[PDB]
file data_15.cif (mmCIF, C-alpha atoms and all ligand atoms)
data_model
#
loop_
_atom_site.label_atom_id
_atom_site.label_comp_id
_atom_site.auth_asym_id
_atom_site.auth_seq_id
_atom_site.Cartn_x
_atom_site.Cartn_y
_atom_site.Cartn_z
CA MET A 1 -20.82 -5.87 10.93
CA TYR A 2 -20.97 -8.48 8.15
CA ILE A 3 -17.65 -8.55 6.22
CA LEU A 4 -15.48 -5.50 7.02
CA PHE A 5 -12.83 -4.39 4.50
CA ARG A 6 -9.61 -2.40 4.02
CA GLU A 7 -8.20 -0.05 1.35
CA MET A 8 -4.70 1.46 1.41
CA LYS A 9 -2.37 3.57 -0.75
CA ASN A 10 0.14 2.01 -1.61
CA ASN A 11 -1.39 3.40 -4.82
CA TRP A 12 1.89 4.50 -6.39
CA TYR A 13 1.99 1.37 -8.53
CA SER A 14 -0.71 -0.83 -9.99
CA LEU A 15 -0.20 -4.44 -8.92
CA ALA A 16 -2.62 -6.00 -11.41
CA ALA A 17 -1.09 -3.96 -14.23
CA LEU A 18 2.43 -4.79 -13.05
CA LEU A 19 1.83 -8.54 -12.95
CA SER A 20 -0.05 -8.32 -16.25
CA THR A 21 2.80 -6.53 -17.97
CA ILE A 22 5.49 -8.85 -16.59
CA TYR A 23 3.37 -11.70 -17.91
CA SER A 24 2.62 -10.19 -21.32
CA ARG A 25 6.09 -8.74 -21.98
CA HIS A 26 7.77 -12.06 -21.10
CA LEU A 27 10.03 -10.26 -18.62
CA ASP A 28 11.98 -12.39 -16.19
CA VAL A 29 10.70 -11.11 -12.87
CA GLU A 30 9.03 -12.48 -9.75
CA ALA A 31 6.82 -10.11 -7.77
CA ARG A 32 6.02 -11.25 -4.25
CA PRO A 33 4.75 -9.53 -1.09
CA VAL A 34 7.29 -9.59 1.74
CA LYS A 35 7.58 -9.08 5.49
CA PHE A 36 11.03 -7.86 6.55
CA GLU A 37 11.73 -11.17 8.32
CA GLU A 38 11.08 -12.65 4.91
CA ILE A 39 14.05 -12.41 2.67
CA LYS A 40 16.89 -13.08 2.66
CA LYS A 41 15.44 -16.16 1.08
CA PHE A 42 16.39 -14.23 -2.01
CA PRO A 43 19.91 -13.35 -3.15
CA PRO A 44 20.52 -9.58 -3.01
CA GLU A 45 22.41 -9.83 -6.32
CA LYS A 46 19.15 -10.82 -8.03
CA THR A 47 16.75 -9.01 -5.69
CA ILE A 48 15.03 -5.61 -5.67
CA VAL A 49 12.98 -4.43 -2.68
CA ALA A 50 10.23 -1.86 -3.25
CA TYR A 51 8.92 0.29 -0.41
CA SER A 52 5.70 2.16 0.25
CA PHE A 53 5.08 4.06 3.49
CA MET A 54 3.43 7.17 4.92
CA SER A 55 5.24 10.24 6.27
CA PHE A 56 5.36 8.00 9.34
CA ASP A 57 7.37 4.73 9.34
CA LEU A 58 10.27 6.97 8.31
CA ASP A 59 12.37 5.96 11.31
CA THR A 60 12.10 2.20 10.77
CA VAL A 61 12.32 2.53 6.99
CA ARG A 62 15.55 4.49 7.43
CA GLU A 63 16.70 1.56 9.56
CA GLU A 64 15.55 -1.26 7.27
CA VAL A 65 17.08 0.49 4.26
CA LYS A 66 20.55 0.87 5.76
CA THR A 67 20.49 -2.79 6.80
CA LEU A 68 19.34 -4.00 3.39
CA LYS A 69 21.93 -1.81 1.67
CA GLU A 70 24.60 -3.33 3.95
CA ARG A 71 23.42 -6.71 2.71
CA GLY A 72 23.71 -5.36 -0.82
CA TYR A 73 20.15 -5.23 -2.12
CA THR A 74 18.59 -2.86 -4.61
CA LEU A 75 16.05 -0.50 -3.09
CA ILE A 76 13.24 1.39 -4.79
CA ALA A 77 10.36 3.24 -3.17
CA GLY A 78 7.17 5.17 -3.88
CA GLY A 79 3.99 6.43 -2.28
CA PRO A 80 2.66 9.59 -0.58
CA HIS A 81 5.91 10.52 1.16
CA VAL A 82 8.34 9.70 -1.66
CA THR A 83 6.30 12.03 -3.88
CA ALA A 84 7.29 14.90 -1.57
CA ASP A 85 11.06 15.14 -1.08
CA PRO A 86 12.19 12.25 -3.31
CA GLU A 87 15.71 13.57 -2.70
CA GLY A 88 15.57 12.69 0.99
CA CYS A 89 14.59 9.13 0.12
CA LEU A 90 17.55 9.09 -2.26
CA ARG A 91 19.80 10.37 0.54
CA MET A 92 18.08 7.79 2.76
CA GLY A 93 19.76 4.96 0.87
CA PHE A 94 17.20 4.19 -1.84
CA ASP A 95 18.68 3.52 -5.28
CA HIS A 96 15.69 4.68 -7.35
CA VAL A 97 12.55 6.51 -6.25
CA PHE A 98 9.19 6.97 -7.97
CA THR A 99 7.08 10.10 -7.51
CA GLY A 100 3.38 10.24 -8.34
CA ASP A 101 2.00 7.38 -10.41
CA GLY A 102 4.80 4.87 -10.98
CA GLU A 103 2.79 2.23 -12.85
CA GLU A 104 4.52 2.85 -16.18
CA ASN A 105 7.81 4.10 -14.73
CA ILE A 106 8.41 0.94 -12.71
CA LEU A 107 8.21 -1.12 -15.89
CA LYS A 108 10.84 1.07 -17.51
CA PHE A 109 12.99 0.40 -14.45
CA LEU A 110 12.56 -3.37 -14.71
CA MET A 111 13.48 -2.94 -18.37
CA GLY A 112 16.75 -1.25 -17.44
CA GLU A 113 16.13 2.48 -17.00
CA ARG A 114 18.49 3.67 -14.28
CA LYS A 115 17.04 7.12 -13.38
CA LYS A 116 17.37 8.05 -9.70
CA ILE A 117 13.98 9.77 -9.93
CA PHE A 118 11.00 8.61 -12.00
CA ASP A 119 8.54 11.51 -12.27
CA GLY A 120 4.80 11.05 -11.80
CA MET B 1 14.62 -11.15 -11.29
CA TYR B 2 13.18 -10.75 -7.78
CA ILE B 3 11.03 -7.75 -6.87
CA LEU B 4 9.71 -7.86 -3.31
CA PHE B 5 7.09 -5.39 -2.08
CA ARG B 6 7.28 -4.16 1.50
CA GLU B 7 3.99 -2.74 2.76
CA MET B 8 4.15 -0.88 6.08
CA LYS B 9 0.46 -1.39 6.87
CA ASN B 10 0.24 1.27 9.58
CA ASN B 11 -3.07 1.16 11.41
CA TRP B 12 -5.46 3.29 13.44
CA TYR B 13 -7.14 0.00 14.24
CA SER B 14 -5.69 -0.38 17.77
CA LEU B 15 -3.56 -3.43 16.96
CA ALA B 16 -5.06 -6.88 17.26
CA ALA B 17 -6.83 -5.68 20.39
CA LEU B 18 -9.66 -4.37 18.24
CA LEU B 19 -8.73 -6.63 15.30
CA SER B 20 -8.09 -10.13 16.65
CA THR B 21 -11.57 -9.98 17.98
CA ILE B 22 -13.51 -9.85 14.69
CA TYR B 23 -11.65 -13.05 13.95
CA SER B 24 -12.07 -14.60 17.38
CA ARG B 25 -15.28 -12.98 18.65
CA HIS B 26 -17.39 -12.26 15.66
CA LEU B 27 -19.17 -15.14 14.01
CA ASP B 28 -21.34 -12.75 12.04
CA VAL B 29 -18.62 -10.12 11.48
CA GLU B 30 -15.64 -10.69 9.17
CA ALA B 31 -12.21 -9.07 8.67
CA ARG B 32 -9.32 -9.35 6.19
CA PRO B 33 -6.60 -7.21 4.57
CA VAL B 34 -7.70 -6.37 1.01
CA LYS B 35 -7.61 -4.01 -1.98
CA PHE B 36 -9.71 -2.51 -4.78
CA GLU B 37 -10.99 -4.18 -7.97
CA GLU B 38 -12.20 -6.57 -5.32
CA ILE B 39 -14.93 -5.45 -2.87
CA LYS B 40 -17.11 -5.29 -5.98
CA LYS B 41 -18.14 -8.93 -5.70
CA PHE B 42 -19.04 -8.57 -2.03
CA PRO B 43 -22.67 -7.70 -1.13
CA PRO B 44 -23.14 -3.93 -0.62
CA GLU B 45 -25.87 -4.39 1.99
CA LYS B 46 -23.72 -6.34 4.43
CA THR B 47 -20.19 -5.10 3.64
CA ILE B 48 -18.20 -2.50 5.60
CA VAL B 49 -15.16 -0.85 3.99
CA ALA B 50 -12.49 0.85 6.11
CA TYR B 51 -10.38 3.31 4.13
CA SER B 52 -6.88 4.49 5.03
CA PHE B 53 -5.31 7.29 2.98
CA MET B 54 -3.17 10.44 2.89
CA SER B 55 -3.87 13.86 1.37
CA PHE B 56 -2.37 12.40 -1.80
CA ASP B 57 -4.57 10.11 -3.93
CA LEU B 58 -7.52 12.01 -2.45
CA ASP B 59 -9.07 12.05 -5.91
CA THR B 60 -9.05 8.25 -6.21
CA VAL B 61 -10.56 7.94 -2.74
CA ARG B 62 -13.34 10.34 -3.69
CA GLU B 63 -13.87 8.53 -7.00
CA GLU B 64 -14.10 5.12 -5.32
CA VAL B 65 -16.24 6.64 -2.57
CA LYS B 66 -18.65 7.82 -5.27
CA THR B 67 -18.97 4.36 -6.81
CA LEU B 68 -19.28 2.38 -3.59
CA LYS B 69 -21.83 4.76 -2.04
CA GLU B 70 -23.91 4.65 -5.22
CA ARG B 71 -23.77 0.86 -5.01
CA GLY B 72 -24.79 0.89 -1.34
CA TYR B 73 -21.56 0.01 0.49
CA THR B 74 -21.01 1.37 3.99
CA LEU B 75 -17.66 3.12 4.26
CA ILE B 76 -15.62 4.10 7.31
CA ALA B 77 -12.24 5.83 7.45
CA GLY B 78 -9.21 6.61 9.58
CA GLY B 79 -5.73 8.06 9.22
CA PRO B 80 -3.66 11.26 9.27
CA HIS B 81 -5.81 13.04 6.66
CA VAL B 82 -8.95 11.69 8.32
CA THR B 83 -7.77 13.10 11.65
CA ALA B 84 -7.34 16.60 10.22
CA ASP B 85 -10.73 17.80 8.98
CA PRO B 86 -12.88 14.69 9.50
CA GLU B 87 -15.86 16.86 8.54
CA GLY B 88 -14.36 17.02 5.06
CA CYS B 89 -14.00 13.25 4.92
CA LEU B 90 -17.64 13.04 6.04
CA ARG B 91 -18.88 15.27 3.21
CA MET B 92 -16.81 13.06 0.91
CA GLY B 93 -19.39 10.33 1.53
CA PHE B 94 -17.87 8.41 4.46
CA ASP B 95 -20.53 7.25 6.93
CA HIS B 96 -18.33 7.46 10.00
CA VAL B 97 -14.73 8.43 10.72
CA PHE B 98 -12.32 7.42 13.48
CA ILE B 99 -13.82 0.79 16.54
CA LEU B 100 -15.25 -2.40 18.03
CA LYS B 101 -18.09 -0.36 19.53
CA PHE B 102 -19.18 0.74 16.05
CA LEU B 103 -19.28 -2.72 14.47
CA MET B 104 -21.83 -3.82 17.07
PT PT C 201 -2.01 6.30 4.48
#

call {"tool": "encode", "arguments": {"input": "data_15.cif", "output": "structure tokens"}}
result
Amino acid sequence: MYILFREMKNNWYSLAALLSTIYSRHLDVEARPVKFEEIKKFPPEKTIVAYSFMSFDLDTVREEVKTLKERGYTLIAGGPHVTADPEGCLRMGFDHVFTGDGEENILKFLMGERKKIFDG
Amino acid sequence: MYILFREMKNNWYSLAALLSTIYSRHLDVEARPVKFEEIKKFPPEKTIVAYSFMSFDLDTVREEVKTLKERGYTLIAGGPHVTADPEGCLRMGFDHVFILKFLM
């Protein structure tokens, strides 16, 4: 009772750090949370979608990815699953994947680093 | 330019069946999706924290479980890694593992 809470991981990046760095480094980037029905309010040419999921969700992720790729977005992903078999996620349609901690690696990506796999 | 984050938000929470209640039913019980670096401001005596995690990041869970328990927070848990060896998650400092029956 009395104010229940939630914690999830979704730890593969640090949001606060990400927003902080985008702010401090004067990058041109807009980070927003999104439900799949949300977009395309955003042009795929200018838009990157980042994914985090468990070993589950793999069937609907595989579906959402193929759709979003058909609509010509850029897809990156991280989290507990992506850490193990990042190659599958790459063969799943993701453009760039991030194993382990991707807090620093994601910033390198936004700054132009094109690696298919960012180690963590 | 635009980076959009898609969270899957899988739940052991039995949909809104168990959830939509704490909103609807509970005047004295409160629910909301949240994250860390928060939960600090909330009173430890009253607050419940429901963790969801994999075998990965099990060090961060333990580390946060050490801080929150020392501060007095009551922590619950559920998930794939909580399912397998809940006794381990219990020794980790979680008060109960997996819902509406408990909150009463
Ligand atoms: Pt999880």

call {"tool": "closest_residue", "arguments": {"input": "data_15.cif", "among": "A:110, A:57, A:86, A:116", "to": "residue 30 of chain A", "atoms": "all atoms listed in the file"}}
result
A:110

call {"tool": "atom_distance", "arguments": {"input": "data_15.cif", "atom1": "atom CA of residue 64 of chain B", "atom2": "atom CA of residue 104 of chain B"}}
result
25.3 Å

call {"tool": "residues_near_ligand", "arguments": {"input": "data_15.cif", "ligand": "ligand PT 201 (chain C)", "cutoff": "7 Å", "atoms": "all atoms listed in the file", "output": "list in words"}}
result
residues 8, 9 and 54 of chain A; 52, 53, 54 and 79 of chain B

call {"tool": "atom_distance", "arguments": {"input": "data_15.cif", "atom1": "atom CA of residue 115 of chain A", "atom2": "atom CA of residue 96 of chain A"}}
result
6.6 Å

call {"tool": "atom_distance", "arguments": {"input": "data_15.cif", "atom1": "atom CA of residue 60 of chain A", "atom2": "atom CA of residue 108 of chain A"}}
result
28.3 Å

call {"tool": "closest_atom_pairs", "arguments": {"input": "data_15.cif", "of": "chain B", "to": "chain A", "cutoff": "6 Å", "atoms": "all atoms listed in the file", "output": "tab-separated table"}}
result
residue	atom	partner	partner_atom	distance
B:1	CA	A:29	CA	4.2
B:2	CA	A:47	CA	4.5
B:3	CA	A:48	CA	4.7
B:4	CA	A:49	CA	4.8
B:5	CA	A:33	CA	4.9
B:6	CA	A:51	CA	5.1
B:7	CA	A:52	CA	5.8
B:8	CA	A:53	CA	5.7
B:28	CA	A:2	CA	5.8
B:29	CA	A:2	CA	4.4
B:30	CA	A:3	CA	4.2
B:31	CA	A:4	CA	5.1
B:33	CA	A:6	CA	5.7
B:34	CA	A:6	CA	5.3
B:35	CA	A:7	CA	5.2
B:46	CA	A:2	CA	5.1
B:47	CA	A:3	CA	5.0
B:48	CA	A:4	CA	4.3
B:49	CA	A:5	CA	4.3
B:50	CA	A:6	CA	4.8
B:51	CA	A:7	CA	4.9
B:52	CA	A:8	CA	5.2
B:56	CA	A:80	CA	5.9
B:103	CA	A:1	CA	5.0

call {"tool": "residues_around", "arguments": {"input": "data_15.cif", "residues": "residue 14 of chain B", "least_positions_apart": "4", "cutoff": "10 Å", "atoms": "all atoms listed in the file", "output": "ChimeraX atom specification"}}
result
/B:18-19,99-100

call {"tool": "write_last_selection", "arguments": {"input": "data_15.cif", "atoms": "C-alpha atoms", "output": "PDB file, keeping the file's coordinate frame"}}
result
ATOM      1  CA  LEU B  18      -9.660  -4.370  18.240  1.00  0.00           C
ATOM      2  CA  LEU B  19      -8.730  -6.630  15.300  1.00  0.00           C
ATOM      3  CA  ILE B  99     -13.820   0.790  16.540  1.00  0.00           C
ATOM      4  CA  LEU B 100     -15.250  -2.400  18.030  1.00  0.00           C
TER       5      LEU B 100
END

call {"tool": "closest_residue", "arguments": {"input": "data_15.cif", "among": "A:65, A:70, A:23, A:117", "to": "residue 94 of chain A", "atoms": "only C-alpha atoms"}}
result
A:65

call {"tool": "closest_residue", "arguments": {"input": "data_15.cif", "among": "B:57, B:95, B:43, B:63", "to": "residue 81 of chain B", "atoms": "all atoms listed in the file"}}
result
B:57

call {"tool": "residues_around", "arguments": {"input": "data_15.cif", "residues": "residue 88 of chain B", "least_positions_apart": "6", "cutoff": "12 Å", "atoms": "all atoms listed in the file", "output": "list in words"}}
result
residues 55, 58, 62, 77, 81, 82, 94, 95, 96 and 97 of chain B

call {"tool": "residues_around", "arguments": {"input": "data_15.cif", "residues": "residue 67 of chain B", "least_positions_apart": "6", "cutoff": "12 Å", "atoms": "only C-alpha atoms", "output": "list in words"}}
result
residues 36, 37, 39, 40, 44, 60, 61, 73, 74, 75, 92 and 93 of chain B

call {"tool": "decode", "arguments": {"input": "data_15.cif", "residues": "segment 47-90 of chain A", "atoms": "N, CA and C atoms", "output": "PDB file, in the first residue's frame"}}
result
ATOM      1  N   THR A  47      14.821  10.323 -38.610  1.00  0.00           N
ATOM      2  CA  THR A  47      14.447   9.654 -37.364  1.00  0.00           C
ATOM      3  C   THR A  47      15.115   8.309 -37.101  1.00  0.00           C
ATOM      4  N   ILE A  48      15.594   8.152 -35.867  1.00  0.00           N
ATOM      5  CA  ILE A  48      16.180   6.912 -35.372  1.00  0.00           C
ATOM      6  C   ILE A  48      15.293   6.329 -34.277  1.00  0.00           C
ATOM      7  N   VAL A  49      14.994   5.036 -34.354  1.00  0.00           N
ATOM      8  CA  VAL A  49      14.217   4.396 -33.299  1.00  0.00           C
ATOM      9  C   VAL A  49      15.090   3.417 -32.512  1.00  0.00           C
ATOM     10  N   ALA A  50      15.124   3.585 -31.193  1.00  0.00           N
ATOM     11  CA  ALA A  50      15.931   2.728 -30.334  1.00  0.00           C
ATOM     12  C   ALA A  50      15.039   1.760 -29.574  1.00  0.00           C
ATOM     13  N   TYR A  51      15.470   0.506 -29.497  1.00  0.00           N
ATOM     14  CA  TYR A  51      14.651  -0.555 -28.919  1.00  0.00           C
ATOM     15  C   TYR A  51      15.298  -1.200 -27.706  1.00  0.00           C
ATOM     16  N   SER A  52      14.484  -1.496 -26.699  1.00  0.00           N
ATOM     17  CA  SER A  52      14.931  -2.298 -25.565  1.00  0.00           C
ATOM     18  C   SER A  52      13.831  -3.276 -25.166  1.00  0.00           C
ATOM     19  N   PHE A  53      14.193  -4.552 -25.097  1.00  0.00           N
ATOM     20  CA  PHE A  53      13.236  -5.625 -24.863  1.00  0.00           C
ATOM     21  C   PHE A  53      13.914  -6.807 -24.194  1.00  0.00           C
ATOM     22  N   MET A  54      13.115  -7.701 -23.619  1.00  0.00           N
ATOM     23  CA  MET A  54      13.645  -8.912 -22.998  1.00  0.00           C
ATOM     24  C   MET A  54      13.893  -9.977 -24.063  1.00  0.00           C
ATOM     25  N   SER A  55      14.217 -11.195 -23.641  1.00  0.00           N
ATOM     26  CA  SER A  55      14.309 -12.310 -24.580  1.00  0.00           C
ATOM     27  C   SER A  55      12.931 -12.554 -25.192  1.00  0.00           C
ATOM     28  N   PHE A  56      11.896 -12.167 -24.448  1.00  0.00           N
ATOM     29  CA  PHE A  56      10.524 -12.148 -24.943  1.00  0.00           C
ATOM     30  C   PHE A  56      10.370 -10.947 -25.868  1.00  0.00           C
ATOM     31  N   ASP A  57       9.142 -10.665 -26.305  1.00  0.00           N
ATOM     32  CA  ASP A  57       8.861  -9.534 -27.204  1.00  0.00           C
ATOM     33  C   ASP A  57       9.513  -9.712 -28.577  1.00  0.00           C
ATOM     34  N   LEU A  58      10.291 -10.777 -28.718  1.00  0.00           N
ATOM     35  CA  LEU A  58      11.120 -10.996 -29.893  1.00  0.00           C
ATOM     36  C   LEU A  58      10.296 -11.205 -31.157  1.00  0.00           C
ATOM     37  N   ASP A  59       9.062 -11.672 -30.992  1.00  0.00           N
ATOM     38  CA  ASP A  59       8.193 -11.928 -32.134  1.00  0.00           C
ATOM     39  C   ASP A  59       7.574 -10.637 -32.661  1.00  0.00           C
ATOM     40  N   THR A  60       7.161  -9.756 -31.753  1.00  0.00           N
ATOM     41  CA  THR A  60       6.564  -8.484 -32.153  1.00  0.00           C
ATOM     42  C   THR A  60       7.630  -7.448 -32.515  1.00  0.00           C
ATOM     43  N   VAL A  61       8.809  -7.563 -31.911  1.00  0.00           N
ATOM     44  CA  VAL A  61       9.922  -6.689 -32.272  1.00  0.00           C
ATOM     45  C   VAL A  61      10.343  -6.980 -33.708  1.00  0.00           C
ATOM     46  N   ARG A  62      10.514  -8.266 -34.001  1.00  0.00           N
ATOM     47  CA  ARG A  62      10.823  -8.741 -35.345  1.00  0.00           C
ATOM     48  C   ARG A  62       9.806  -8.223 -36.354  1.00  0.00           C
ATOM     49  N   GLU A  63       8.568  -8.056 -35.904  1.00  0.00           N
ATOM     50  CA  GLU A  63       7.512  -7.545 -36.765  1.00  0.00           C
ATOM     51  C   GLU A  63       7.578  -6.028 -36.911  1.00  0.00           C
ATOM     52  N   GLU A  64       7.735  -5.328 -35.791  1.00  0.00           N
ATOM     53  CA  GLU A  64       7.801  -3.870 -35.807  1.00  0.00           C
ATOM     54  C   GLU A  64       9.013  -3.400 -36.595  1.00  0.00           C
ATOM     55  N   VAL A  65      10.127  -4.111 -36.442  1.00  0.00           N
ATOM     56  CA  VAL A  65      11.366  -3.757 -37.126  1.00  0.00           C
ATOM     57  C   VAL A  65      11.216  -3.806 -38.644  1.00  0.00           C
ATOM     58  N   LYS A  66      10.682  -4.914 -39.148  1.00  0.00           N
ATOM     59  CA  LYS A  66      10.534  -5.089 -40.584  1.00  0.00           C
ATOM     60  C   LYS A  66       9.631  -4.005 -41.161  1.00  0.00           C
ATOM     61  N   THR A  67       8.568  -3.683 -40.433  1.00  0.00           N
ATOM     62  CA  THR A  67       7.660  -2.620 -40.838  1.00  0.00           C
ATOM     63  C   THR A  67       8.397  -1.292 -40.901  1.00  0.00           C
ATOM     64  N   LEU A  68       9.072  -0.940 -39.810  1.00  0.00           N
ATOM     65  CA  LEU A  68       9.768   0.339 -39.721  1.00  0.00           C
ATOM     66  C   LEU A  68      10.885   0.454 -40.758  1.00  0.00           C
ATOM     67  N   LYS A  69      11.548  -0.661 -41.048  1.00  0.00           N
ATOM     68  CA  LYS A  69      12.561  -0.684 -42.095  1.00  0.00           C
ATOM     69  C   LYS A  69      11.928  -0.457 -43.465  1.00  0.00           C
ATOM     70  N   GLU A  70      10.742  -1.025 -43.673  1.00  0.00           N
ATOM     71  CA  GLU A  70      10.000  -0.825 -44.917  1.00  0.00           C
ATOM     72  C   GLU A  70       9.633   0.641 -45.092  1.00  0.00           C
ATOM     73  N   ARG A  71       9.430   1.322 -43.973  1.00  0.00           N
ATOM     74  CA  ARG A  71       9.108   2.739 -43.994  1.00  0.00           C
ATOM     75  C   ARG A  71      10.384   3.572 -43.936  1.00  0.00           C
ATOM     76  N   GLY A  72      11.523   2.891 -43.946  1.00  0.00           N
ATOM     77  CA  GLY A  72      12.809   3.547 -44.101  1.00  0.00           C
ATOM     78  C   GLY A  72      13.319   4.325 -42.904  1.00  0.00           C
ATOM     79  N   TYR A  73      13.178   3.753 -41.714  1.00  0.00           N
ATOM     80  CA  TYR A  73      13.746   4.356 -40.516  1.00  0.00           C
ATOM     81  C   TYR A  73      15.131   3.810 -40.234  1.00  0.00           C
ATOM     82  N   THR A  74      15.768   4.370 -39.217  1.00  0.00           N
ATOM     83  CA  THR A  74      17.024   3.842 -38.717  1.00  0.00           C
ATOM     84  C   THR A  74      16.741   3.173 -37.380  1.00  0.00           C
ATOM     85  N   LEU A  75      17.198   1.937 -37.231  1.00  0.00           N
ATOM     86  CA  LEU A  75      16.894   1.175 -36.033  1.00  0.00           C
ATOM     87  C   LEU A  75      18.144   0.788 -35.250  1.00  0.00           C
ATOM     88  N   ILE A  76      18.154   1.152 -33.973  1.00  0.00           N
ATOM     89  CA  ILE A  76      19.181   0.698 -33.046  1.00  0.00           C
ATOM     90  C   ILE A  76      18.528   0.042 -31.836  1.00  0.00           C
ATOM     91  N   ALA A  77      19.237  -0.869 -31.188  1.00  0.00           N
ATOM     92  CA  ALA A  77      18.657  -1.572 -30.055  1.00  0.00           C
ATOM     93  C   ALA A  77      19.701  -1.971 -29.018  1.00  0.00           C
ATOM     94  N   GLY A  78      19.238  -2.223 -27.800  1.00  0.00           N
ATOM     95  CA  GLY A  78      20.110  -2.607 -26.710  1.00  0.00           C
ATOM     96  C   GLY A  78      19.322  -3.379 -25.671  1.00  0.00           C
ATOM     97  N   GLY A  79      19.944  -3.639 -24.528  1.00  0.00           N
ATOM     98  CA  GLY A  79      19.278  -4.364 -23.466  1.00  0.00           C
ATOM     99  C   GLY A  79      19.772  -5.784 -23.271  1.00  0.00           C
ATOM    100  N   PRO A  80      19.111  -6.518 -22.367  1.00  0.00           N
ATOM    101  CA  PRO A  80      19.511  -7.856 -21.926  1.00  0.00           C
ATOM    102  C   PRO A  80      19.644  -8.842 -23.078  1.00  0.00           C
ATOM    103  N   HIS A  81      18.688  -8.843 -24.002  1.00  0.00           N
ATOM    104  CA  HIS A  81      18.767  -9.770 -25.120  1.00  0.00           C
ATOM    105  C   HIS A  81      19.882  -9.388 -26.071  1.00  0.00           C
ATOM    106  N   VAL A  82      19.859  -8.148 -26.557  1.00  0.00           N
ATOM    107  CA  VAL A  82      20.823  -7.668 -27.554  1.00  0.00           C
ATOM    108  C   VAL A  82      22.267  -7.959 -27.134  1.00  0.00           C
ATOM    109  N   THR A  83      22.529  -7.886 -25.833  1.00  0.00           N
ATOM    110  CA  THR A  83      23.821  -8.277 -25.286  1.00  0.00           C
ATOM    111  C   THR A  83      24.217  -9.678 -25.748  1.00  0.00           C
ATOM    112  N   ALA A  84      23.282 -10.617 -25.653  1.00  0.00           N
ATOM    113  CA  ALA A  84      23.523 -11.988 -26.092  1.00  0.00           C
ATOM    114  C   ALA A  84      22.972 -12.208 -27.497  1.00  0.00           C
ATOM    115  N   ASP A  85      23.833 -12.623 -28.417  1.00  0.00           N
ATOM    116  CA  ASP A  85      23.482 -12.670 -29.838  1.00  0.00           C
ATOM    117  C   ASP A  85      23.090 -11.285 -30.361  1.00  0.00           C
ATOM    118  N   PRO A  86      24.070 -10.371 -30.455  1.00  0.00           N
ATOM    119  CA  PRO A  86      23.829  -9.104 -31.148  1.00  0.00           C
ATOM    120  C   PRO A  86      23.726  -9.302 -32.660  1.00  0.00           C
ATOM    121  N   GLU A  87      24.281 -10.411 -33.145  1.00  0.00           N
ATOM    122  CA  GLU A  87      24.254 -10.734 -34.568  1.00  0.00           C
ATOM    123  C   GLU A  87      22.840 -11.011 -35.060  1.00  0.00           C
ATOM    124  N   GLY A  88      22.070 -11.726 -34.246  1.00  0.00           N
ATOM    125  CA  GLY A  88      20.687 -12.021 -34.565  1.00  0.00           C
ATOM    126  C   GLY A  88      19.877 -10.751 -34.731  1.00  0.00           C
ATOM    127  N   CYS A  89      20.057  -9.822 -33.798  1.00  0.00           N
ATOM    128  CA  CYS A  89      19.401  -8.525 -33.863  1.00  0.00           C
ATOM    129  C   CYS A  89      19.815  -7.767 -35.123  1.00  0.00           C
ATOM    130  N   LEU A  90      21.069  -7.940 -35.529  1.00  0.00           N
ATOM    131  CA  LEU A  90      21.550  -7.353 -36.770  1.00  0.00           C
ATOM    132  C   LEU A  90      20.889  -8.017 -37.969  1.00  0.00           C
TER     133      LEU A  90
END
